[PDB]
$ cat run22.cif   # mmCIF, C-alpha atoms and all ligand atoms
data_start
#
loop_
_atom_site.label_atom_id
_atom_site.label_comp_id
_atom_site.auth_asym_id
_atom_site.auth_seq_id
_atom_site.Cartn_x
_atom_site.Cartn_y
_atom_site.Cartn_z
CA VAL A 1 -96.35 -151.54 -2.78
CA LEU A 2 -94.43 -154.70 -3.57
CA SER A 3 -95.69 -157.96 -2.05
CA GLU A 4 -93.44 -160.11 0.14
CA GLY A 5 -93.13 -162.52 -2.76
CA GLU A 6 -91.99 -159.77 -5.10
CA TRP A 7 -89.39 -158.56 -2.53
CA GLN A 8 -88.08 -162.10 -2.25
CA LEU A 9 -87.48 -162.25 -6.03
CA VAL A 10 -85.70 -158.88 -5.97
CA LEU A 11 -83.45 -159.75 -3.05
CA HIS A 12 -82.68 -163.20 -4.37
CA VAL A 13 -81.12 -161.82 -7.49
CA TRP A 14 -79.59 -158.99 -5.57
CA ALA A 15 -77.64 -161.45 -3.39
CA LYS A 16 -76.08 -162.74 -6.57
CA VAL A 17 -75.00 -159.21 -7.49
CA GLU A 18 -73.33 -158.92 -4.19
CA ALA A 19 -70.78 -161.56 -5.20
CA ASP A 20 -69.30 -159.22 -7.75
CA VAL A 21 -70.45 -155.72 -6.93
CA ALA A 22 -67.66 -154.06 -8.93
CA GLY A 23 -68.16 -156.00 -12.12
CA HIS A 24 -71.87 -155.32 -12.15
CA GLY A 25 -71.30 -151.65 -11.35
CA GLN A 26 -68.94 -151.32 -14.34
CA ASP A 27 -71.29 -153.06 -16.74
CA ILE A 28 -74.27 -150.98 -15.60
CA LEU A 29 -72.49 -147.57 -15.85
CA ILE A 30 -70.99 -148.50 -19.23
CA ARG A 31 -74.37 -149.50 -20.55
CA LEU A 32 -75.93 -146.33 -19.24
CA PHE A 33 -73.24 -144.15 -20.81
CA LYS A 34 -73.31 -145.95 -24.14
CA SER A 35 -77.18 -146.14 -24.35
CA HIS A 36 -77.69 -142.53 -23.12
CA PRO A 37 -74.59 -140.39 -23.74
CA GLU A 38 -76.21 -137.41 -22.15
CA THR A 39 -75.73 -139.14 -18.86
CA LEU A 40 -71.96 -139.27 -19.16
CA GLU A 41 -71.91 -135.52 -19.46
CA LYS A 42 -73.22 -135.15 -15.91
CA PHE A 43 -69.93 -136.64 -14.56
CA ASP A 44 -67.05 -134.23 -14.91
CA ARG A 45 -65.01 -137.22 -13.37
CA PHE A 46 -65.75 -139.39 -16.52
CA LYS A 47 -66.56 -137.18 -19.36
CA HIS A 48 -62.95 -137.73 -20.74
CA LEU A 49 -63.82 -141.34 -21.52
CA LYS A 50 -64.58 -141.64 -25.25
CA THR A 51 -64.62 -145.40 -25.90
CA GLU A 52 -66.00 -148.43 -24.15
CA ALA A 53 -62.48 -149.72 -23.76
CA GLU A 54 -61.40 -146.60 -21.94
CA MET A 55 -64.50 -146.99 -19.74
CA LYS A 56 -63.66 -150.57 -18.92
CA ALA A 57 -60.07 -149.57 -18.06
CA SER A 58 -61.04 -146.79 -15.65
CA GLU A 59 -60.53 -147.81 -12.03
CA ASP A 60 -62.26 -144.62 -10.88
CA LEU A 61 -65.44 -145.61 -12.89
CA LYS A 62 -65.27 -149.09 -11.31
CA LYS A 63 -65.07 -147.42 -7.86
CA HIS A 64 -68.09 -145.33 -8.53
CA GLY A 65 -70.01 -148.33 -9.73
CA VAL A 66 -69.47 -149.91 -6.33
CA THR A 67 -70.65 -146.72 -4.61
CA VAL A 68 -73.85 -146.69 -6.63
CA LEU A 69 -74.67 -150.36 -6.20
CA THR A 70 -73.86 -150.36 -2.45
CA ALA A 71 -76.33 -147.47 -2.02
CA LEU A 72 -78.98 -149.20 -4.15
CA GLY A 73 -78.51 -152.51 -2.32
CA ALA A 74 -79.05 -150.80 1.06
CA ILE A 75 -82.28 -149.26 -0.24
CA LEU A 76 -83.57 -152.53 -1.69
CA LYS A 77 -82.91 -154.44 1.57
CA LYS A 78 -85.26 -151.97 3.34
CA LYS A 79 -88.13 -153.32 1.20
CA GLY A 80 -89.86 -149.99 0.78
CA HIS A 81 -89.06 -148.53 4.29
CA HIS A 82 -86.22 -146.60 2.75
CA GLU A 83 -87.01 -142.96 3.64
CA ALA A 84 -83.73 -142.46 5.60
CA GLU A 85 -81.64 -143.78 2.76
CA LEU A 86 -83.41 -141.82 -0.02
CA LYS A 87 -83.43 -138.39 1.55
CA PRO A 88 -79.83 -137.68 1.12
CA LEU A 89 -79.56 -139.28 -2.28
CA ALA A 90 -82.54 -137.28 -3.68
CA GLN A 91 -81.16 -134.16 -2.16
CA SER A 92 -77.72 -134.51 -3.70
CA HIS A 93 -78.95 -135.76 -7.09
CA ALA A 94 -81.50 -132.95 -7.45
CA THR A 95 -79.61 -129.97 -6.05
CA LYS A 96 -75.86 -130.78 -6.52
CA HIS A 97 -75.52 -133.31 -9.33
CA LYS A 98 -78.56 -132.00 -11.28
CA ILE A 99 -79.79 -135.44 -12.52
CA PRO A 100 -83.27 -135.53 -14.03
CA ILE A 101 -85.69 -138.28 -12.99
CA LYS A 102 -85.64 -139.55 -16.54
CA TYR A 103 -81.96 -140.45 -16.17
CA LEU A 104 -82.91 -142.57 -13.17
CA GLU A 105 -85.30 -144.41 -15.53
CA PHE A 106 -82.28 -144.92 -17.82
CA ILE A 107 -80.03 -146.37 -15.16
CA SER A 108 -82.93 -148.64 -14.06
CA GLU A 109 -83.08 -150.06 -17.58
CA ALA A 110 -79.33 -150.65 -17.54
CA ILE A 111 -79.55 -152.41 -14.07
CA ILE A 112 -82.30 -154.70 -15.42
CA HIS A 113 -80.34 -155.46 -18.56
CA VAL A 114 -77.13 -156.34 -16.67
CA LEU A 115 -78.98 -158.57 -14.18
CA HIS A 116 -80.68 -160.46 -16.97
CA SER A 117 -77.27 -160.97 -18.72
CA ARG A 118 -75.43 -162.10 -15.55
CA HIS A 119 -78.24 -164.04 -13.73
CA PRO A 120 -80.64 -165.44 -16.18
CA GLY A 121 -81.68 -168.43 -13.97
CA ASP A 122 -82.60 -166.05 -11.08
CA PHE A 123 -83.94 -163.36 -13.36
CA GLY A 124 -86.84 -164.77 -15.23
CA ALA A 125 -89.85 -162.77 -16.01
CA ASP A 126 -91.36 -162.96 -12.50
CA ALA A 127 -88.16 -161.51 -11.07
CA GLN A 128 -87.75 -159.00 -13.85
CA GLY A 129 -91.26 -157.66 -13.12
CA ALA A 130 -90.54 -157.48 -9.41
CA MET A 131 -87.28 -155.68 -9.95
CA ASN A 132 -89.04 -153.32 -12.31
CA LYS A 133 -91.54 -152.59 -9.53
CA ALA A 134 -88.80 -152.05 -6.96
CA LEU A 135 -86.95 -149.61 -9.23
CA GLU A 136 -90.21 -147.80 -10.01
CA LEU A 137 -90.84 -147.44 -6.27
CA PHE A 138 -87.31 -145.97 -5.93
CA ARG A 139 -88.02 -143.50 -8.74
CA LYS A 140 -91.49 -142.57 -7.37
CA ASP A 141 -90.09 -141.72 -4.00
CA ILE A 142 -87.10 -139.80 -5.30
CA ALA A 143 -89.45 -137.89 -7.67
CA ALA A 144 -91.61 -136.84 -4.69
CA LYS A 145 -88.55 -135.37 -2.99
CA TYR A 146 -87.48 -133.66 -6.23
CA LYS A 147 -90.92 -132.11 -6.45
CA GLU A 148 -90.69 -130.88 -2.89
CA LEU A 149 -87.41 -129.16 -3.79
CA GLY A 150 -88.52 -127.64 -7.10
CA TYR A 151 -86.82 -130.08 -9.47
CA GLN A 152 -89.46 -132.44 -10.75
CA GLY A 153 -89.82 -130.29 -13.90
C1 LIG B 1 -79.54 -146.18 -8.90
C2 LIG B 1 -79.40 -144.89 -9.08
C3 LIG B 1 -78.30 -144.17 -8.35
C4 LIG B 1 -77.78 -144.33 -7.17
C5 LIG B 1 -78.13 -145.32 -6.03
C6 LIG B 1 -76.73 -143.38 -7.03
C7 LIG B 1 -75.89 -143.20 -5.94
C8 LIG B 1 -74.88 -142.27 -5.75
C9 LIG B 1 -74.05 -142.06 -4.56
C10 LIG B 1 -74.21 -143.01 -3.37
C11 LIG B 1 -73.19 -141.07 -4.79
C12 LIG B 1 -72.17 -140.44 -3.89
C13 LIG B 1 -72.97 -139.78 -2.73
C14 LIG B 1 -73.85 -138.58 -3.24
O1 LIG B 1 -73.31 -137.66 -3.94
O2 LIG B 1 -75.07 -138.55 -2.97
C15 LIG B 1 -73.48 -140.56 -6.13
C16 LIG B 1 -72.81 -139.51 -6.79
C17 LIG B 1 -73.11 -139.03 -8.02
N1 LIG B 1 -74.09 -139.48 -8.94
FE1 LIG B 1 -75.40 -140.99 -8.50
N2 LIG B 1 -76.66 -142.58 -8.16
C18 LIG B 1 -77.60 -143.02 -9.01
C19 LIG B 1 -77.90 -142.56 -10.30
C20 LIG B 1 -77.18 -141.49 -10.93
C21 LIG B 1 -77.40 -141.12 -12.31
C22 LIG B 1 -78.40 -141.80 -13.21
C23 LIG B 1 -76.49 -140.12 -12.53
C24 LIG B 1 -76.12 -139.38 -13.78
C25 LIG B 1 -76.74 -139.54 -14.88
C26 LIG B 1 -75.78 -139.85 -11.34
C27 LIG B 1 -74.83 -138.92 -11.17
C28 LIG B 1 -74.03 -138.73 -10.10
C29 LIG B 1 -72.92 -137.76 -9.98
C30 LIG B 1 -72.59 -136.81 -11.07
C31 LIG B 1 -72.32 -138.01 -8.71
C32 LIG B 1 -71.10 -137.33 -8.19
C33 LIG B 1 -69.92 -138.19 -8.75
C34 LIG B 1 -68.61 -137.59 -8.40
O3 LIG B 1 -68.28 -136.58 -9.15
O4 LIG B 1 -67.93 -138.11 -7.42
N3 LIG B 1 -76.24 -140.70 -10.32
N4 LIG B 1 -74.49 -141.30 -6.71
#
$ encode --input "run22.cif" --output "structure tokens"
Amino acid sequence: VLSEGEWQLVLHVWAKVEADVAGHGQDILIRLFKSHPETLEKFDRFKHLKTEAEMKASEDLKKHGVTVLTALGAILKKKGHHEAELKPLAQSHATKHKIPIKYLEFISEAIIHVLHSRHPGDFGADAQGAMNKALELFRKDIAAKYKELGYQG
């Protein structure tokens, strides 16, 4: 359970993300795909992209970055009371898109890296720990729905 102080740190940096959702979404998906190439293979939409330059030029990848960060932002602004928003996301990522929990750990590392790079004055170590905790809470609760459905592994 995050404290109110930890939520404030998370949502303070998140409001900075919201000034450039698309740019962040690009940088986070590119870092995920470069750091963990197995993740790119899960997207038939993107698996043609073979260089970072082709990634950065793809408008469809930039669109999907916005989709991902808009969904994450709506879950973070619920401060933990996010059951309605996670149900459908866990259901599609377990049963349709076939994404292991560990790749949600990987995209959480890429989100934390990109926020540190873009917002270092609002993303010191207090806020990095709080955002770590918020992304762990997201993973914990998606993993419980995976397990329900027979996909925790
Ligand atoms: C912060 C974590 C994530 C969030 C909030 C998120 C959110 C979303 C949303 C909102 C959609 C479209 C609606 C849906 O299908 O449920 C989607 C689609 C999808 N996601 Fe995620 N996602 C996340 C992580 C990942 C990861 C780590 C992968 C792959 C490694 C992944 C793979 C996919 C795929 C393959 C689609 C379908 C894309 C398409 O072909 O249009 N997701 N995601």
$ closest_residue --input "run22.cif" --among "A:66, A:89, A:57, A:13" --to "residue 141 in chain A" --atoms "only C-alpha atoms"
A:89
$ closest_residue --input "run22.cif" --among "A:146, A:14, A:103, A:7" --to "ligand LIG 1 (chain B)" --atoms "only C-alpha atoms and all ligand atoms"
A:103
$ residues_around --input "run22.cif" --residues "residue 4 in chain A" --least-positions-apart "6" --cutoff "12 Å" --atoms "only C-alpha atoms" --output "ChimeraX atom specification"
/A:10-11,78-80,130,134
$ closest_residue --input "run22.cif" --among "A:92, A:30, A:51, A:62" --to "ligand LIG 1 (chain B)" --atoms "all atoms listed in the file"
A:92
$ residues_near_ligand --input "run22.cif" --ligand "ligand LIG 1 (chain B)" --cutoff "6 Å" --atoms "only C-alpha atoms and all ligand atoms" --output "PDB file with C-alpha atoms, in the frame of the given file"
ATOM      1  CA  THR A  39     -75.730-139.140 -18.860  1.00  0.00           C
ATOM      2  CA  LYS A  42     -73.220-135.150 -15.910  1.00  0.00           C
ATOM      3  CA  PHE A  43     -69.930-136.640 -14.560  1.00  0.00           C
ATOM      4  CA  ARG A  45     -65.010-137.220 -13.370  1.00  0.00           C
ATOM      5  CA  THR A  67     -70.650-146.720  -4.610  1.00  0.00           C
ATOM      6  CA  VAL A  68     -73.850-146.690  -6.630  1.00  0.00           C
ATOM      7  CA  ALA A  71     -76.330-147.470  -2.020  1.00  0.00           C
ATOM      8  CA  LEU A  72     -78.980-149.200  -4.150  1.00  0.00           C
ATOM      9  CA  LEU A  89     -79.560-139.280  -2.280  1.00  0.00           C
ATOM     10  CA  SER A  92     -77.720-134.510  -3.700  1.00  0.00           C
ATOM     11  CA  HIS A  97     -75.520-133.310  -9.330  1.00  0.00           C
ATOM     12  CA  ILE A  99     -79.790-135.440 -12.520  1.00  0.00           C
ATOM     13  CA  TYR A 103     -81.960-140.450 -16.170  1.00  0.00           C
ATOM     14  CA  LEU A 104     -82.910-142.570 -13.170  1.00  0.00           C
ATOM     15  CA  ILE A 107     -80.030-146.370 -15.160  1.00  0.00           C
TER      16      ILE A 107
END
$ closest_residue --input "run22.cif" --among "A:105, A:126, A:85, A:59" --to "residue 32 in chain A" --atoms "all atoms listed in the file"
A:105
$ residues_around --input "run22.cif" --residues "residue 110 in chain A" --least-positions-apart "6" --cutoff "12 Å" --atoms "all atoms listed in the file" --output "PyMOL selection string"
chain A and resi 24-36+103-104+116-117+132+135
$ atom_distance --input "run22.cif" --atom1 "CA of residue 122 in chain A" --atom2 "CA of residue 76 in chain A"
16.5 Å
$ atom_distance --input "run22.cif" --atom1 "CA of residue 91 in chain A" --atom2 "CA of residue 17 in chain A"
26.3 Å
$ decode --input "run22.cif" --residues "range 47-79 of chain A" --atoms "N, CA, C and O atoms" --output "CSV table (one decimal), in the first residue's frame"
chain,number,residue,atom,x,y,z
A,47,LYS,N,7.1,-5.8,-35.4
A,47,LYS,CA,8.2,-6.7,-35.4
A,47,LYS,C,9.1,-6.5,-36.8
A,47,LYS,O,10.3,-6.9,-36.9
A,48,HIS,N,8.5,-5.7,-37.8
A,48,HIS,CA,9.3,-5.3,-38.9
A,48,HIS,C,10.4,-4.2,-38.6
A,48,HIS,O,11.2,-3.9,-39.5
A,49,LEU,N,10.4,-3.6,-37.4
A,49,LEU,CA,11.3,-2.5,-37.1
A,49,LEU,C,12.6,-3.1,-36.6
A,49,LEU,O,12.7,-3.9,-35.7
A,50,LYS,N,13.7,-2.8,-37.4
A,50,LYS,CA,15.0,-3.5,-37.1
A,50,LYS,C,16.1,-2.5,-36.6
A,50,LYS,O,17.2,-3.1,-36.1
A,51,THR,N,15.8,-1.2,-36.5
A,51,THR,CA,16.8,-0.3,-36.0
A,51,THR,C,16.0,0.7,-35.1
A,51,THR,O,14.8,1.0,-35.3
A,52,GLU,N,16.8,1.4,-34.2
A,52,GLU,CA,16.2,2.4,-33.5
A,52,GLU,C,15.6,3.6,-34.3
A,52,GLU,O,14.6,4.2,-34.0
A,53,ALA,N,16.4,3.9,-35.4
A,53,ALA,CA,15.8,4.9,-36.3
A,53,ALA,C,14.5,4.6,-36.9
A,53,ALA,O,13.6,5.4,-37.0
A,54,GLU,N,14.3,3.3,-37.3
A,54,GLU,CA,13.1,3.0,-37.9
A,54,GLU,C,12.0,3.0,-36.8
A,54,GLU,O,10.9,3.5,-37.0
A,55,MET,N,12.4,2.6,-35.5
A,55,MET,CA,11.4,2.8,-34.4
A,55,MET,C,11.0,4.2,-34.2
A,55,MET,O,9.8,4.5,-34.0
A,56,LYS,N,12.0,5.1,-34.2
A,56,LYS,CA,11.6,6.5,-33.9
A,56,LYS,C,10.8,7.1,-35.1
A,56,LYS,O,10.1,8.1,-34.8
A,57,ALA,N,10.9,6.5,-36.3
A,57,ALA,CA,10.2,7.1,-37.4
A,57,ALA,C,8.8,6.5,-37.5
A,57,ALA,O,8.0,6.9,-38.4
A,58,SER,N,8.4,5.5,-36.7
A,58,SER,CA,7.1,4.9,-36.9
A,58,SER,C,6.0,5.6,-36.2
A,58,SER,O,6.0,5.7,-34.9
A,59,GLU,N,5.1,6.1,-37.0
A,59,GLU,CA,4.0,6.9,-36.3
A,59,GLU,C,3.1,5.9,-35.6
A,59,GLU,O,2.5,6.2,-34.6
A,60,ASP,N,2.9,4.7,-36.1
A,60,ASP,CA,2.1,3.7,-35.5
A,60,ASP,C,2.7,3.3,-34.1
A,60,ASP,O,1.9,3.1,-33.1
A,61,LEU,N,4.0,3.3,-33.9
A,61,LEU,CA,4.6,3.0,-32.6
A,61,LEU,C,4.3,4.2,-31.7
A,61,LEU,O,4.0,4.0,-30.5
A,62,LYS,N,4.4,5.4,-32.2
A,62,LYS,CA,4.2,6.6,-31.4
A,62,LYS,C,2.7,6.5,-30.9
A,62,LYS,O,2.4,6.8,-29.8
A,63,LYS,N,1.7,6.1,-31.8
A,63,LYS,CA,0.4,6.0,-31.4
A,63,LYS,C,0.2,5.0,-30.3
A,63,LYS,O,-0.6,5.2,-29.3
A,64,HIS,N,0.9,3.8,-30.4
A,64,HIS,CA,0.7,2.9,-29.3
A,64,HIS,C,1.3,3.3,-28.0
A,64,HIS,O,0.8,3.0,-27.0
A,65,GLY,N,2.4,4.0,-28.1
A,65,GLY,CA,2.9,4.6,-26.9
A,65,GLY,C,1.9,5.5,-26.1
A,65,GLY,O,1.8,5.5,-24.9
A,66,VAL,N,1.2,6.3,-26.9
A,66,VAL,CA,0.1,7.1,-26.2
A,66,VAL,C,-0.9,6.2,-25.6
A,66,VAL,O,-1.4,6.4,-24.5
A,67,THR,N,-1.4,5.2,-26.4
A,67,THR,CA,-2.4,4.2,-25.8
A,67,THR,C,-1.9,3.6,-24.5
A,67,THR,O,-2.6,3.6,-23.5
A,68,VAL,N,-0.6,3.2,-24.4
A,68,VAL,CA,-0.1,2.6,-23.2
A,68,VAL,C,-0.1,3.6,-22.1
A,68,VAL,O,-0.5,3.3,-21.0
A,69,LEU,N,0.5,4.8,-22.3
A,69,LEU,CA,0.7,5.7,-21.2
A,69,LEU,C,-0.6,6.3,-20.8
A,69,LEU,O,-0.8,6.6,-19.6
A,70,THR,N,-1.6,6.4,-21.7
A,70,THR,CA,-3.0,6.9,-21.2
A,70,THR,C,-3.6,5.9,-20.3
A,70,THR,O,-4.1,6.3,-19.3
A,71,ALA,N,-3.4,4.6,-20.6
A,71,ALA,CA,-4.0,3.6,-19.7
A,71,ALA,C,-3.2,3.6,-18.4
A,71,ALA,O,-3.9,3.5,-17.3
A,72,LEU,N,-1.9,3.6,-18.4
A,72,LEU,CA,-1.2,3.7,-17.2
A,72,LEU,C,-1.6,4.9,-16.3
A,72,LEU,O,-1.7,4.8,-15.1
A,73,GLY,N,-1.7,6.1,-17.0
A,73,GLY,CA,-1.9,7.3,-16.2
A,73,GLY,C,-3.3,7.1,-15.5
A,73,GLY,O,-3.5,7.5,-14.4
A,74,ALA,N,-4.3,6.6,-16.2
A,74,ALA,CA,-5.6,6.4,-15.6
A,74,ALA,C,-5.6,5.4,-14.4
A,74,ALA,O,-6.2,5.7,-13.4
A,75,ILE,N,-4.7,4.4,-14.4
A,75,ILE,CA,-4.5,3.5,-13.3
A,75,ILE,C,-3.8,4.2,-12.2
A,75,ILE,O,-4.2,4.2,-11.0
A,76,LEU,N,-2.7,5.0,-12.4
A,76,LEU,CA,-2.0,5.7,-11.4
A,76,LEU,C,-2.9,6.7,-10.6
A,76,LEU,O,-2.8,6.8,-9.4
A,77,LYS,N,-3.7,7.4,-11.4
A,77,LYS,CA,-4.6,8.5,-10.7
A,77,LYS,C,-5.7,7.8,-9.9
A,77,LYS,O,-6.2,8.5,-9.0
A,78,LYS,N,-5.9,6.5,-9.9
A,78,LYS,CA,-6.8,5.9,-9.0
A,78,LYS,C,-6.1,5.5,-7.7
A,78,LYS,O,-6.8,5.0,-6.7
A,79,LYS,N,-4.8,5.6,-7.6
A,79,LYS,CA,-4.0,5.5,-6.3
A,79,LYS,C,-4.4,4.2,-5.7
A,79,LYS,O,-4.7,4.1,-4.5
